[PDB]
$ cat final02.csv   # CSV, C-alpha atoms and all ligand atoms
chain,number,residue,atom,x,y,z
J,1,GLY,CA,0.0,0.0,0.0
J,2,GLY,CA,3.0,2.2,-0.4
J,3,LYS,CA,5.3,4.0,2.1
J,4,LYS,CA,3.5,6.6,4.3
J,5,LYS,CA,4.0,10.3,5.1
J,6,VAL,CA,4.8,10.7,8.8
J,7,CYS,CA,4.5,13.9,10.9
J,8,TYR,CA,6.2,13.6,14.4
J,9,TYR,CA,5.5,16.0,17.4
J,10,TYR,CA,8.2,16.9,20.1
J,11,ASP,CA,8.9,19.8,22.4
J,12,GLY,CA,12.5,20.0,23.7
J,13,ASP,CA,11.2,21.3,27.1
J,14,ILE,CA,9.2,18.1,27.8
J,15,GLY,CA,12.0,16.1,29.4
J,16,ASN,CA,12.6,18.7,32.2
J,17,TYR,CA,9.1,18.2,33.9
J,18,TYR,CA,9.7,16.2,37.1
J,19,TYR,CA,7.0,14.3,39.1
J,20,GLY,CA,9.2,14.2,42.2
J,21,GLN,CA,11.8,12.0,44.0
J,22,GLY,CA,10.9,8.2,43.8
J,23,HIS,CA,7.9,8.7,41.3
J,24,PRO,CA,8.1,6.1,38.5
J,25,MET,CA,6.7,8.4,35.7
J,26,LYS,CA,9.7,10.1,34.0
J,27,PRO,CA,9.1,12.7,31.2
J,28,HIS,CA,12.9,12.4,30.5
J,29,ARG,CA,12.1,9.1,28.7
J,30,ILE,CA,10.6,11.2,25.8
J,31,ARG,CA,13.9,13.1,25.4
J,32,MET,CA,15.8,9.8,25.4
J,33,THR,CA,13.5,8.5,22.7
J,34,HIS,CA,14.0,11.6,20.6
J,35,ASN,CA,17.8,11.7,20.9
J,36,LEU,CA,18.1,8.0,20.0
J,37,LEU,CA,15.9,8.2,16.9
J,38,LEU,CA,17.8,11.4,15.7
J,39,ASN,CA,21.1,9.5,16.1
J,40,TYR,CA,19.7,6.7,13.8
J,41,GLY,CA,19.1,9.4,11.2
J,42,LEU,CA,15.2,9.0,11.2
J,43,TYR,CA,14.8,12.9,10.9
J,44,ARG,CA,15.8,12.5,7.2
J,45,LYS,CA,12.6,10.4,6.5
J,46,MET,CA,9.8,12.4,8.4
J,47,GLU,CA,8.6,15.9,9.1
J,48,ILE,CA,9.3,17.1,12.8
J,49,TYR,CA,6.9,19.7,14.4
J,50,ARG,CA,6.8,21.4,17.8
J,51,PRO,CA,3.4,21.0,19.4
J,52,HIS,CA,1.4,24.2,20.3
J,53,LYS,CA,0.2,24.6,23.9
J,54,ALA,CA,-3.5,23.5,24.1
J,55,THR,CA,-5.6,26.2,25.9
J,56,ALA,CA,-7.8,25.6,29.0
J,57,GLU,CA,-10.8,26.3,26.8
J,58,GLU,CA,-9.7,23.6,24.2
J,59,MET,CA,-9.4,21.1,27.1
J,60,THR,CA,-13.1,21.8,28.1
J,61,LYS,CA,-14.3,20.2,24.9
J,62,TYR,CA,-14.2,17.1,27.2
J,63,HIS,CA,-13.2,18.1,30.8
J,64,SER,CA,-15.3,20.1,33.3
J,65,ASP,CA,-14.7,23.9,33.7
J,66,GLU,CA,-14.1,23.4,37.5
J,67,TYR,CA,-11.4,20.7,37.0
J,68,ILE,CA,-9.5,22.7,34.3
J,69,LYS,CA,-9.7,25.9,36.4
J,70,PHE,CA,-8.1,24.0,39.3
J,71,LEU,CA,-5.3,22.4,37.1
J,72,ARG,CA,-4.4,25.9,35.7
J,73,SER,CA,-4.3,27.4,39.3
J,74,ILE,CA,-2.7,24.7,41.5
J,75,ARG,CA,1.1,25.1,42.4
J,76,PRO,CA,3.5,23.7,45.0
J,77,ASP,CA,3.5,27.1,46.8
J,78,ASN,CA,-0.3,27.4,47.2
J,79,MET,CA,-1.1,23.6,47.9
J,80,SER,CA,-2.0,24.3,51.6
J,81,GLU,CA,-4.9,26.6,50.6
J,82,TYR,CA,-6.3,23.9,48.2
J,83,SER,CA,-6.5,20.8,50.4
J,84,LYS,CA,-10.2,20.2,49.8
J,85,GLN,CA,-9.9,20.7,46.0
J,86,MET,CA,-6.9,18.4,45.7
J,87,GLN,CA,-8.9,15.5,47.2
J,88,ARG,CA,-12.0,16.1,45.0
J,89,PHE,CA,-9.9,16.1,41.9
J,90,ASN,CA,-7.6,13.2,43.0
J,91,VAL,CA,-4.4,15.3,42.9
J,92,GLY,CA,-1.5,15.3,45.4
J,93,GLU,CA,-0.6,11.6,45.9
J,94,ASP,CA,-0.1,9.2,42.8
J,95,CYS,CA,-0.9,12.3,40.6
J,96,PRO,CA,1.3,14.9,42.4
J,97,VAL,CA,1.5,18.7,42.1
J,98,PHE,CA,4.8,19.7,40.5
J,99,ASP,CA,6.3,22.9,39.0
J,100,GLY,CA,4.9,23.5,35.5
J,101,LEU,CA,2.2,20.7,35.8
J,102,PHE,CA,-0.3,22.7,33.6
J,103,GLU,CA,2.3,23.5,30.9
J,104,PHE,CA,3.2,19.7,30.7
J,105,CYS,CA,-0.5,18.9,30.2
J,106,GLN,CA,-0.7,21.6,27.5
J,107,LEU,CA,2.2,20.2,25.5
J,108,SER,CA,1.1,16.5,25.9
J,109,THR,CA,-2.4,17.5,24.6
J,110,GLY,CA,-1.1,19.9,21.9
J,111,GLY,CA,0.8,17.1,20.1
J,112,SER,CA,-2.2,14.8,20.0
J,113,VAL,CA,-4.7,17.4,18.8
J,114,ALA,CA,-2.2,19.0,16.3
J,115,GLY,CA,-1.7,15.5,14.8
J,116,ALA,CA,-5.5,14.9,14.5
J,117,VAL,CA,-5.9,18.2,12.6
J,118,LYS,CA,-3.0,17.3,10.2
J,119,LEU,CA,-4.8,13.9,9.5
J,120,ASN,CA,-8.2,15.6,9.0
J,121,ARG,CA,-6.6,18.0,6.5
J,122,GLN,CA,-5.2,15.0,4.5
J,123,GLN,CA,-1.6,16.6,5.0
J,124,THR,CA,-0.2,13.3,6.4
J,125,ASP,CA,-0.9,9.5,6.5
J,126,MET,CA,0.4,9.0,10.1
J,127,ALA,CA,1.0,11.4,13.0
J,128,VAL,CA,3.1,10.5,16.1
J,129,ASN,CA,3.1,12.0,19.7
J,130,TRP,CA,5.1,10.0,22.2
J,131,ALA,CA,4.3,12.6,25.0
J,132,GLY,CA,0.5,11.7,24.6
J,133,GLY,CA,-1.5,8.5,25.3
J,134,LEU,CA,-2.5,9.5,28.9
J,135,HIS,CA,-5.6,7.2,28.9
J,136,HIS,CA,-6.6,7.2,32.6
J,137,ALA,CA,-7.6,10.9,33.0
J,138,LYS,CA,-11.4,11.4,33.6
J,139,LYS,CA,-13.8,14.3,32.9
J,140,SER,CA,-13.4,15.8,36.4
J,141,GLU,CA,-10.4,14.0,38.0
J,142,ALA,CA,-6.8,12.9,37.6
J,143,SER,CA,-5.9,9.2,37.7
J,144,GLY,CA,-3.0,6.8,37.1
J,145,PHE,CA,-0.3,9.6,36.6
J,146,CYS,CA,-2.6,11.2,33.9
J,147,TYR,CA,-4.3,14.7,34.3
J,148,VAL,CA,-5.7,15.7,30.9
J,149,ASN,CA,-7.1,13.0,28.4
J,150,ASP,CA,-5.2,14.0,25.2
J,151,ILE,CA,-6.6,10.9,23.5
J,152,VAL,CA,-10.3,11.8,24.1
J,153,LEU,CA,-9.6,15.4,22.8
J,154,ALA,CA,-7.8,14.1,19.7
J,155,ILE,CA,-10.7,11.7,18.9
J,156,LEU,CA,-13.3,14.6,19.3
J,157,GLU,CA,-11.2,16.5,16.7
J,158,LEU,CA,-11.2,13.4,14.3
J,159,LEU,CA,-15.0,13.1,14.7
J,160,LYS,CA,-15.5,16.5,13.0
J,161,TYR,CA,-14.6,14.7,9.7
J,162,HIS,CA,-14.9,10.9,10.4
J,163,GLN,CA,-18.3,9.2,11.1
J,164,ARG,CA,-16.5,6.2,12.9
J,165,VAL,CA,-13.2,6.2,14.8
J,166,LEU,CA,-11.4,3.1,16.1
J,167,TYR,CA,-9.3,3.3,19.3
J,168,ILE,CA,-6.8,0.4,20.1
J,169,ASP,CA,-4.8,0.3,23.5
J,170,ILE,CA,-1.8,-2.1,24.0
J,171,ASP,CA,-0.7,-0.5,27.3
J,172,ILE,CA,-0.6,-3.2,30.1
J,173,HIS,CA,-3.4,-1.2,31.9
J,174,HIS,CA,-7.1,-0.9,30.9
J,175,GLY,CA,-7.9,2.2,28.7
J,176,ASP,CA,-10.6,3.2,31.2
J,177,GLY,CA,-10.8,7.0,30.6
J,178,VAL,CA,-11.2,6.6,26.8
J,179,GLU,CA,-13.7,3.8,27.2
J,180,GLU,CA,-15.8,5.8,29.7
J,181,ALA,CA,-15.9,9.0,27.5
J,182,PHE,CA,-17.3,7.0,24.5
J,183,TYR,CA,-19.2,4.2,26.4
J,184,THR,CA,-22.7,5.1,25.1
J,185,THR,CA,-21.8,6.0,21.4
J,186,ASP,CA,-21.3,3.8,18.3
J,187,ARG,CA,-19.2,6.6,16.7
J,188,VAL,CA,-16.1,5.4,18.6
J,189,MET,CA,-15.2,1.7,19.1
J,190,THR,CA,-12.7,1.2,21.9
J,191,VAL,CA,-10.5,-2.0,22.0
J,192,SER,CA,-8.2,-2.6,25.1
J,193,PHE,CA,-5.8,-5.5,25.8
J,194,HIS,CA,-4.6,-5.5,29.5
J,195,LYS,CA,-3.7,-7.3,32.7
J,196,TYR,CA,-6.9,-8.0,34.6
J,197,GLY,CA,-7.2,-9.2,38.2
J,198,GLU,CA,-6.0,-7.4,41.4
J,199,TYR,CA,-4.4,-4.8,39.1
J,200,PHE,CA,-4.9,-1.0,38.4
J,201,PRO,CA,-7.4,0.4,37.5
J,202,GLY,CA,-9.7,-2.5,38.3
J,203,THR,CA,-11.9,-2.3,35.2
J,204,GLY,CA,-11.9,-4.0,31.7
J,205,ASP,CA,-13.7,-7.3,32.3
J,206,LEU,CA,-14.6,-9.2,29.1
J,207,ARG,CA,-18.3,-8.6,30.1
J,208,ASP,CA,-17.8,-4.8,29.9
J,209,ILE,CA,-19.3,-4.2,26.3
J,210,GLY,CA,-20.7,-0.7,26.3
J,211,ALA,CA,-24.3,0.6,26.8
J,212,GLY,CA,-27.2,2.2,24.9
J,213,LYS,CA,-26.2,3.0,21.3
J,214,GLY,CA,-22.7,2.0,22.3
J,215,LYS,CA,-23.6,-1.6,23.3
J,216,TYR,CA,-21.1,-3.9,21.5
J,217,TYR,CA,-18.7,-1.0,20.7
J,218,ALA,CA,-16.4,-1.5,23.8
J,219,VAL,CA,-14.1,-4.6,23.5
J,220,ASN,CA,-11.9,-5.8,26.4
J,221,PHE,CA,-9.3,-8.7,26.3
J,222,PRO,CA,-8.4,-9.5,30.0
J,223,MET,CA,-4.9,-11.2,30.4
J,224,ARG,CA,-2.8,-12.8,33.2
J,225,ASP,CA,0.8,-12.4,34.1
J,226,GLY,CA,3.6,-13.3,31.7
J,227,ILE,CA,2.1,-13.1,28.2
J,228,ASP,CA,4.8,-13.6,25.5
J,229,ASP,CA,5.2,-12.6,21.9
J,230,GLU,CA,3.7,-15.9,20.5
J,231,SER,CA,0.5,-15.7,22.7
J,232,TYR,CA,-0.1,-12.0,21.9
J,233,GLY,CA,0.5,-12.6,18.2
J,234,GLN,CA,-2.0,-15.6,18.5
J,235,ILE,CA,-4.9,-13.1,19.0
J,236,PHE,CA,-4.0,-9.5,18.0
J,237,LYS,CA,-4.2,-9.8,14.2
J,238,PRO,CA,-7.4,-12.0,14.1
J,239,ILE,CA,-9.2,-9.6,16.6
J,240,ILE,CA,-8.2,-6.4,14.8
J,241,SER,CA,-9.0,-7.9,11.4
J,242,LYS,CA,-12.6,-8.8,12.5
J,243,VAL,CA,-13.1,-5.4,14.1
J,244,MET,CA,-11.9,-3.7,10.8
J,245,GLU,CA,-14.3,-5.9,8.8
J,246,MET,CA,-17.4,-5.3,11.0
J,247,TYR,CA,-16.9,-1.7,12.2
J,248,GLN,CA,-15.3,-0.2,9.0
J,249,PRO,CA,-13.7,2.9,10.7
J,250,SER,CA,-12.3,5.8,8.6
J,251,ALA,CA,-9.6,6.8,11.1
J,252,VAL,CA,-7.6,4.9,13.9
J,253,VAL,CA,-5.9,5.9,17.2
J,254,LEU,CA,-3.2,3.4,18.5
J,255,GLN,CA,-2.0,3.9,22.2
J,256,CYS,CA,1.5,2.2,22.3
J,257,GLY,CA,2.1,2.2,26.1
J,258,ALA,CA,5.5,0.4,26.7
J,259,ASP,CA,4.7,-1.0,30.2
J,260,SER,CA,3.6,-4.2,28.5
J,261,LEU,CA,7.3,-5.0,27.8
J,262,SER,CA,9.4,-7.6,29.6
J,263,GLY,CA,11.3,-6.1,32.5
J,264,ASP,CA,9.0,-3.1,33.2
J,265,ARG,CA,9.3,-1.7,36.7
J,266,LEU,CA,5.5,-1.7,37.2
J,267,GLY,CA,4.3,-4.2,34.5
J,268,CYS,CA,4.1,-8.1,34.7
J,269,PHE,CA,4.1,-9.0,30.9
J,270,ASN,CA,6.9,-10.6,28.9
J,271,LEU,CA,6.7,-9.0,25.4
J,272,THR,CA,9.9,-8.0,23.4
J,273,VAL,CA,10.2,-4.7,21.4
J,274,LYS,CA,9.6,-6.8,18.2
J,275,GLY,CA,6.4,-8.4,19.6
J,276,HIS,CA,5.1,-5.0,20.8
J,277,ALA,CA,5.9,-3.4,17.4
J,278,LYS,CA,4.1,-6.2,15.4
J,279,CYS,CA,0.9,-4.5,16.6
J,280,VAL,CA,1.9,-1.3,14.8
J,281,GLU,CA,2.7,-3.3,11.7
J,282,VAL,CA,-0.7,-5.0,11.7
J,283,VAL,CA,-2.7,-1.7,12.2
J,284,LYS,CA,-0.6,0.1,9.5
J,285,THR,CA,-1.5,-2.5,6.8
J,286,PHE,CA,-5.2,-1.4,6.8
J,287,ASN,CA,-4.0,2.0,5.1
J,288,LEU,CA,-6.3,4.3,7.2
J,289,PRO,CA,-5.3,7.7,8.7
J,290,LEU,CA,-3.4,6.7,11.9
J,291,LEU,CA,-2.5,8.7,15.1
J,292,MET,CA,0.2,6.8,17.2
J,293,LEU,CA,0.6,7.8,20.9
J,294,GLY,CA,2.7,7.0,23.9
J,295,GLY,CA,1.5,5.9,27.4
J,296,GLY,CA,3.0,4.0,30.3
J,297,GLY,CA,6.5,2.6,30.5
J,298,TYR,CA,8.7,2.6,33.6
J,299,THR,CA,12.1,0.9,32.6
J,300,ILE,CA,13.2,4.0,30.6
J,301,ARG,CA,16.0,2.4,28.5
J,302,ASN,CA,13.4,-0.1,27.1
J,303,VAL,CA,10.8,2.7,26.5
J,304,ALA,CA,13.3,4.6,24.3
J,305,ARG,CA,14.2,1.4,22.3
J,306,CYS,CA,10.4,0.6,21.8
J,307,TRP,CA,9.3,4.0,20.6
J,308,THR,CA,12.5,4.4,18.4
J,309,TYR,CA,11.8,1.0,16.7
J,310,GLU,CA,8.0,1.8,16.3
J,311,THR,CA,8.9,5.2,14.6
J,312,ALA,CA,11.2,3.1,12.2
J,313,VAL,CA,8.2,0.7,11.5
J,314,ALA,CA,5.9,3.7,10.7
J,315,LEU,CA,8.5,4.8,8.2
J,316,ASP,CA,9.2,1.3,6.8
J,317,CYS,CA,12.9,2.1,7.5
J,318,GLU,CA,15.2,-0.8,8.5
J,319,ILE,CA,17.7,0.2,11.3
J,320,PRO,CA,20.6,-1.8,12.8
J,321,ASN,CA,20.5,-3.7,16.1
J,322,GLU,CA,23.9,-2.0,17.1
J,323,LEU,CA,22.9,1.3,18.9
J,324,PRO,CA,24.4,4.5,17.5
J,325,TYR,CA,26.3,6.8,19.9
J,326,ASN,CA,23.8,9.1,21.7
J,327,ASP,CA,23.6,11.5,24.8
J,328,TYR,CA,22.2,8.5,27.0
J,329,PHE,CA,24.5,5.7,25.6
J,330,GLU,CA,25.4,4.4,29.2
J,331,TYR,CA,21.6,3.8,29.9
J,332,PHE,CA,21.6,0.9,27.3
J,333,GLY,CA,24.4,-1.2,28.8
J,334,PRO,CA,25.6,-3.8,29.2
J,335,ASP,CA,24.7,-4.9,25.6
J,336,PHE,CA,24.2,-1.5,23.7
J,337,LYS,CA,21.7,-3.2,21.3
J,338,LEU,CA,18.2,-2.1,20.2
J,339,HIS,CA,16.3,-5.3,20.7
J,340,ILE,CA,15.6,-7.1,24.1
J,341,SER,CA,15.3,-10.7,25.3
J,342,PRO,CA,12.2,-12.1,27.2
J,343,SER,CA,12.6,-13.3,30.8
J,344,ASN,CA,12.1,-16.9,32.0
J,345,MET,CA,8.9,-15.9,33.9
J,346,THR,CA,5.9,-18.3,33.7
J,347,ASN,CA,3.2,-17.4,31.1
J,348,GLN,CA,-0.1,-17.9,33.1
J,349,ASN,CA,-2.1,-17.4,29.8
J,350,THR,CA,-2.6,-20.9,28.4
J,351,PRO,CA,-3.2,-21.3,24.6
J,352,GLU,CA,-6.7,-22.6,25.5
J,353,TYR,CA,-7.4,-19.4,27.6
J,354,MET,CA,-6.3,-17.2,24.7
J,355,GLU,CA,-8.5,-19.0,22.1
J,356,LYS,CA,-11.6,-19.1,24.4
J,357,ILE,CA,-11.5,-15.3,25.2
J,358,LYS,CA,-11.0,-14.6,21.4
J,359,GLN,CA,-14.0,-16.8,20.6
J,360,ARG,CA,-16.2,-15.0,23.1
J,361,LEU,CA,-15.2,-11.6,21.6
J,362,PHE,CA,-16.0,-12.9,18.1
J,363,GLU,CA,-19.5,-13.7,19.4
J,364,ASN,CA,-20.0,-10.1,20.5
J,365,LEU,CA,-18.7,-8.7,17.2
J,366,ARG,CA,-21.4,-10.7,15.2
J,367,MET,CA,-24.0,-8.3,16.9
J,368,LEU,CA,-22.7,-5.3,14.8
J,369,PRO,CA,-24.9,-4.5,11.7
L,1,LIG,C1,-0.4,3.5,36.0
L,1,LIG,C2,-0.6,3.3,37.5
L,1,LIG,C3,-1.1,4.2,38.3
L,1,LIG,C4,-1.2,4.0,39.7
L,1,LIG,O1,-1.7,4.9,40.5
L,1,LIG,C5,-0.8,2.8,40.2
L,1,LIG,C6,-0.2,1.8,39.3
L,1,LIG,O2,0.2,0.7,39.6
L,1,LIG,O3,-0.2,2.1,37.9
L,2,CA,CA,-4.5,-1.7,27.3
L,3,NA,NA,-18.2,3.4,22.2
L,4,ZN,ZN,0.0,1.6,31.8
$ encode --input "final02.csv" --output "structure tokens"
Amino acid sequence: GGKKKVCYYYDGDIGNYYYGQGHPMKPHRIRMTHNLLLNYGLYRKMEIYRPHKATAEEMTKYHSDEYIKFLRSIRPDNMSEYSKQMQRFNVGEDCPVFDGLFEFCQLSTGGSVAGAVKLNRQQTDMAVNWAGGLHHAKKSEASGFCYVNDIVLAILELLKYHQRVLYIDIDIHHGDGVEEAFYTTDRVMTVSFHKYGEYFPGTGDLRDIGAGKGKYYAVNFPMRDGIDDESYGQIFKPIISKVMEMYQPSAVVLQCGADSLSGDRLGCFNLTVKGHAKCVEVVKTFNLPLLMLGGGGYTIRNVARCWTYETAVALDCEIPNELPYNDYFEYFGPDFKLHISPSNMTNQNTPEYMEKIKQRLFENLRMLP
């Protein structure tokens, strides 16, 4: 279907935002990703844009006025005066107050919405924003290290010109905030693959299928610890092929959270970078306008490898396994290679479990017109 035009979004300030001592979310990983892919030469093959800052008003296309007014006002120096509001909006613990919090949200969001506009205008085939994908944020509260739902805002932009939009989420966590926003409409189908059972955020059972006009337009594949490349590959291409056939979307959003990789500080899966990136290859073959976003990922050397390789896949550009010199070279020892090995952890997802869940999801997809 030909090679694709790619527009990529990055702000050089993004890596300086700091969630605080000990916090696993590290914006620096987006700077590591950028520096690695520049050193592979991938800037020669794509257009690189700075995101604009999304305004408070633009954010209220989804979020409440009261929540956005609070996010644009709260600072470490005035926290004591805002104790009540912090609790209501779920800020100040897992989702801390840090210097420049609102600006970080504006740049994360700006990349996703700018990419959506470029796709709507038919000025690109693919848009990429590795600072986006913050899928847990809700209408009026922060959740799961996410404050503003850049994904929901980008999908609302795509819906100006697309009757049906497909959302796919390969982060290890359930895409709860995106699913909730579109739970009662058939104009967005949401498809999430995730660890389920005594795990954050607690939602995404296979029996969660949507409601009202949106019944059968939410799809959830719950998984156990230790899934590997073979098992994930067993089910991803067949599921997405059936969704494409039945739903017939005109645009796609793919959240590429890297916390589903082997060795993640918070995750419990066993995928390689090649296994994760096979998902990008499958979605790209349908030749639809595609927005590719970031997400979780807590072992930062592997996040940089994953998103560098997935940028190369979007470009159909082969790159060597030997890493080029870069500003973070020491982070990639002791091997200094791009690709990673799986661990010897047990895969609790039997082949029979994988086929049975797939078969139940196929039953629900037969209910589409
Ligand atoms: C992404 C996330 C958020 C959180 O509060 C706990 C966790 O384990 O993972
Ligand atoms: Ca997911
Ligand atoms: Na929906
Ligand atoms: Zn996650």
$ residues_near_point --input "final02.csv" --point "(24.0, 5.9, 25.6)" --cutoff "12 Å" --atoms "only C-alpha atoms" --output "VMD selection string"
chain J and resid 32 to 33 35 to 36 39 301 304 to 305 322 to 338
$ residues_around --input "final02.csv" --residues "segment 89-103 of chain J" --least-positions-apart "2" --cutoff "8 Å" --atoms "all atoms listed in the file" --output "JSON, numbers by chain"
{"J": [17, 18, 19, 20, 53, 67, 71, 72, 74, 75, 76, 85, 86, 87, 105, 106, 107, 140, 141, 142, 143, 144, 145, 146, 147]}
$ write_last_selection --input "final02.csv" --atoms "C-alpha atoms" --output "tab-separated table (two decimals), in the frame of the given file"
chain	number	residue	atom	x	y	z
J	17	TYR	CA	9.10	18.20	33.90
J	18	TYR	CA	9.70	16.20	37.10
J	19	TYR	CA	7.00	14.30	39.10
J	20	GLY	CA	9.20	14.20	42.20
J	53	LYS	CA	0.20	24.60	23.90
J	67	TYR	CA	-11.40	20.70	37.00
J	71	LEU	CA	-5.30	22.40	37.10
J	72	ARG	CA	-4.40	25.90	35.70
J	74	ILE	CA	-2.70	24.70	41.50
J	75	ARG	CA	1.10	25.10	42.40
J	76	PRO	CA	3.50	23.70	45.00
J	85	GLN	CA	-9.90	20.70	46.00
J	86	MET	CA	-6.90	18.40	45.70
J	87	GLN	CA	-8.90	15.50	47.20
J	105	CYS	CA	-0.50	18.90	30.20
J	106	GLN	CA	-0.70	21.60	27.50
J	107	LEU	CA	2.20	20.20	25.50
J	140	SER	CA	-13.40	15.80	36.40
J	141	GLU	CA	-10.40	14.00	38.00
J	142	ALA	CA	-6.80	12.90	37.60
J	143	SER	CA	-5.90	9.20	37.70
J	144	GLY	CA	-3.00	6.80	37.10
J	145	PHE	CA	-0.30	9.60	36.60
J	146	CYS	CA	-2.60	11.20	33.90
J	147	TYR	CA	-4.30	14.70	34.30
$ residues_near_ligand --input "final02.csv" --ligand "ligand CA 2 (chain L)" --cutoff "12 Å" --atoms "all atoms listed in the file" --output "ChimeraX atom specification"
/J:133-136,167-179,190-196,200-201,203-205,219-223,254-260,267,269,294-296
$ residues_near_ligand --input "final02.csv" --ligand "ligand NA 3 (chain L)" --cutoff "8 Å" --atoms "all atoms listed in the file" --output "list in words"
residues 179, 182, 183, 184, 185, 186, 187, 188, 189, 190, 210, 214, 215, 216, 217 and 218 of chain J
$ closest_residue --input "final02.csv" --among "J:158, J:166, J:38, J:64" --to "residue 245 of chain J" --atoms "all atoms listed in the file"
J:166
$ atom_distance --input "final02.csv" --atom1 "atom CA of residue 151 of chain J" --atom2 "atom CA of residue 253 of chain J"
8.1 Å
$ closest_residue --input "final02.csv" --among "J:24, J:79, J:132, J:124" --to "residue 10 of chain J" --atoms "all atoms listed in the file"
J:132
$ closest_residue --input "final02.csv" --among "J:69, J:265, J:278, J:121" --to "ligand LIG 1 (chain L)" --atoms "all atoms listed in the file"
J:265
$ atom_distance --input "final02.csv" --atom1 "atom CA of residue 361 of chain J" --atom2 "atom CA of residue 238 of chain J"
10.8 Å
$ atom_distance --input "final02.csv" --atom1 "atom CA of residue 281 of chain J" --atom2 "atom CA of residue 237 of chain J"
9.8 Å
$ residues_around --input "final02.csv" --residues "residue 115 of chain J" --least-positions-apart "2" --cutoff "10 Å" --atoms "all atoms listed in the file" --output "list in words"
residues 7, 8, 9, 49, 51, 110, 111, 112, 113, 117, 118, 119, 120, 121, 123, 124, 126, 127, 128, 129, 154, 157, 158, 290, 291 and 292 of chain J
$ closest_residue --input "final02.csv" --among "J:125, J:198, J:229, J:150" --to "ligand LIG 1 (chain L)" --atoms "only C-alpha atoms and all ligand atoms"
J:198
$ closest_residue --input "final02.csv" --among "J:23, J:78, J:240, J:312" --to "ligand LIG 1 (chain L)" --atoms "all atoms listed in the file"
J:23
$ closest_residue --input "final02.csv" --among "J:307, J:362, J:286, J:161" --to "residue 242 of chain J" --atoms "all atoms listed in the file"
J:362
$ residues_around --input "final02.csv" --residues "residue 300 of chain J" --least-positions-apart "3" --cutoff "8 Å" --atoms "all atoms listed in the file" --output "PyMOL selection string"
chain J and resi 26+29+297+303-304
$ residues_around --input "final02.csv" --residues "residue 65 of chain J" --least-positions-apart "6" --cutoff "9 Å" --atoms "all atoms listed in the file" --output "PyMOL selection string"
chain J and resi 56-57+59+140
